[PDB]
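Shown below, as structure tokens, is a lone chain in the form deposited in one PDB entry; questions about how it binds or moves come after it.
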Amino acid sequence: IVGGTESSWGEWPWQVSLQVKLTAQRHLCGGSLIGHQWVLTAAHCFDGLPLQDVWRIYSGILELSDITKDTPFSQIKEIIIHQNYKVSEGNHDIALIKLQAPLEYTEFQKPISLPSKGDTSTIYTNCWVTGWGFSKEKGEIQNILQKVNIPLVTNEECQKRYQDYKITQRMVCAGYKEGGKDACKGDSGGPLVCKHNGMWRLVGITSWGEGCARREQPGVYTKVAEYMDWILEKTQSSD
């Protein structure tokens, strides 16, 4: 997060950290808790070798430095990458993670509400992006979860700034004309939430930008509302 400030305990209880435990353990991506056993993140976080065995998912945490061998974590049971996602490309940058065990909700860890089907015409305001990613374009992972408020921009305007790519209706963009506030590397997969009718809603999944926080270069996010059919189908279960 570029241009943000430190979050407080329990402020963003759906924020998770996706880490890989190799010789050392490192935060790679964010994600959002959306159910007891389900996390929503970015597909491109998994572009490396297929090895869900090394991943550890941390919830209810504020500071990466607080993580030790004693910290509880979740493991991956299944990764569901969108069927039209292509490695290294931007379309359909969305993945579902099914956890091996369900999490119980507390004031420190609980789910973010998904967009409601009746809110297709909504123009979201008061949007926040959170994460432990870089605080500057050539920066480093941040210890305390950062937060920044960023306005949405129209897809027409976003497309204007990125005419080397196709900004589709399944993307949503956010940024300032003169930059200065943005998600960055290490924030990928985390939430873009906006308050609507006094409730937080997951509007975007942090995905990409050209550089970080540059003028007239908004952040590109996967538009969760445009994937609700897919989310519901992929998470469905009978009895």
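Residue numbers run from 1 along the displayed sequence. Definition used throughout: the rigid core is the maximal C-alpha set that superposes within 1.5 Å between two forms.
Same protein, other form: the form deposited in another entry, not shown, and the subject of what follows.
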{"query": "Core-superposed comparison between this form and the one not shown - Cα displaced by 2 angstroms or more, from 143, 116, 91, 159", "finding": "116"}
{"query": "Distance trend in the other form - C-alpha atoms of residue 212 and residue 165, change of 3 Å or more", "finding": "farther"}
{"query": "Distance direction in the other form for the C-alpha atoms of residue 118 and residue 157, relative to the displayed form (3 angstroms or more)", "finding": "closer"}
